[PDB]
């Protein structure tokens, strides 16, 4: 099958970022993953923002109208799917912020059963092609086994629904995973793999506020010359998953569409104090705001890493340029990996400067993307417009 092109659409982008599902270059992707869904102690998966998610009326939504109906970004993603039939959508559950509350439901059968059922309920009501868990991170051995069992719960859940609808489609189950060794070495990766459609390796956040020296935050290869500039590397993670037994073609390489900043720095590998501002939070800048005035951009192709640095303000921002995104595409093809994943859809540029554009083209263009037709039929949906495949 060809490569996957996965992006995350984040619940909250419809606010300050102004990004709605309508303005996704859908022909560029195969999988939109909508983040994030939260979990209750019970195991109950629920929607983080029913305004964004389900209720907001976009242009095109009759306010009035017969039926019990869904709107929000869920209707918009379904409309994206009706128009782009190779575009699948997955509900993504967890996130850095909600992962404190995965361990308690995951430890019991009731909790996992409840997780599986509520997740399926949500998928089949809202028109999703599957679900994606993002538990950062199972912190002990027990939590890891729990994660295999939870995965199993969800795989069994989704499959039962497909059994109930044999003329319809099979459904997806993925996870966002750790590129840091201290986290993935706790995971039972190969047992987990049995349940998953693919893995979205978060091959980023390798350097940031937490560190003492400015580093590369999503570099592919270790700097031999300057070890302190590369505390992690994509490559270590990918070949470690592969020695662990994950098929490479199931590993989708995560790439950031934002950059992490460092203040009071001479440059890469030196100490910094502070991280400055950001586009939305401190120390984090949207790639489409790069490059900032007065910074020179350095591209280190051999380890596939780049950064801007302003010599006067002594500020470093680790982020990928098109040349670097191209080197990343290169690694994906060369190593026969599952494709590219991006966090997150609003921070990218367009046209010739789209990082995603750049990767799809180095993948051989859209013609080399995995052709898997999505699911438009949701017979059991609790929403009438969605159940009826959204007419006008």
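Residue numbers count along the first chain shown, from 1.
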item: Stretch exceeding the other in mean C-alpha B-factor - 118-126, 82-90; value: 118-126
item: Mean C-alpha B-factor comparison - 47-55 and 327-335, higher one; value: 47-55
item: Largest Cα B-factor, entry values, listed residues 100, 254, 166, 278; value: 278
item: Maximum C-alpha temperature factor, selected from 113, 313, 194, 288; value: 313
item: Modelled-residue ranking by C-alpha temperature factor, third containing residue 364; value: lowest
item: Chain third (lowest, middle, highest) by recorded CA B-factor, residue given as residue 377; value: middle
item: Residue 12 by Cα B-factor - lowest, middle or highest third of the modelled chain; value: middle
item: Chain-relative CA temperature factor third for residue 27; value: lowest
item: Record-listed C-alpha B factor of residue 154: chain third; value: highest
